[PDB]
């Protein structure tokens with residue numbers, strides 16, 4: 001599995017046992033996926049911050 005990076009097509013390889021891709025967005029303004037990488041489990045949505053979790057190549 002590999003995920004995206006922020007702006008640049010650097011992508012970001014997932015380490016073993018950490019094979020989601022997330023992108024962290026705002027609840028108030030999910031315009032910019034401001035944080036990005038691979039995670040063990042789904043980071044959960046909050047009031048101020050939203051996620052989308054997945055598992056696909058250059059998903060996120």
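Per deposition record, solution NMR.
Including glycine, each Cβ sits where the backbone N, Cα and C put it.
Pulled from Swiss-Prot:
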DISULFID  3-21  disulfide bond
DISULFID  14-38  disulfide bond
DISULFID  42-53  disulfide bond
DISULFID  54-59  disulfide bond
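Feature map: Swiss-Prot annotations on the structure.
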residue: 3; record: disulfide bond; DSSP class: strand
residue: 14; record: disulfide bond; DSSP class: coil
residue: 21; record: disulfide bond; DSSP class: strand
residue: 38; record: disulfide bond; DSSP class: coil
residue: 53; record: disulfide bond; DSSP class: strand
residue: 59; record: disulfide bond; DSSP class: coil
*Would you mind sorting out which of 14, 38, 42, 53, 59 (the disulfide-bonded residues) have a C-alpha within 10 A of the one on residue 3 (disulfide bond)?*
14, 38, 59
_Shortest C-alpha distance to residue 38 (disulfide bond) - which of the disulfide-bonded residues 21, 53, 59_ = 21
*When a 10 Å sphere is centred on the Cβ of residue 21 (disulfide bond), how many other Cβ atoms does it contain?*
23
*Taking only the disulfide-bonded residues 21, 42, 53, 54, 59, which one has a CA atom nearest to the CA atom of residue 14 (disulfide bond)?*
21
*For residue 21 (disulfide bond) and residue 54 (disulfide bond), what Cα-Cα distance in Å is obtained after rounding to a whole number?*
6
*asked:* Comparing the disulfide-bonded residues 3, 14, 54, which residue's C-beta has the most other C-beta atoms within 10 angstroms in this structure?
replied: 3
*Please report how many Å separate the Cα atom of residue 42 (disulfide bond) from that of residue 54 (disulfide bond), as a whole number.*
8
*Near residue 42 (disulfide bond), how many other Cβ atoms are within 10 Å of its Cβ?*
13
*To which of the disulfide-bonded residues 38, 53 does the lowest count of other Cβ atoms within 10 Å belong?*
53
*asked:* To see if you understand the setup: which same-chain residues, six or more apart in sequence, place their Cβ under 8 Å from that of residue 59 (disulfide bond)?
replied: 3, 4, 21, 23
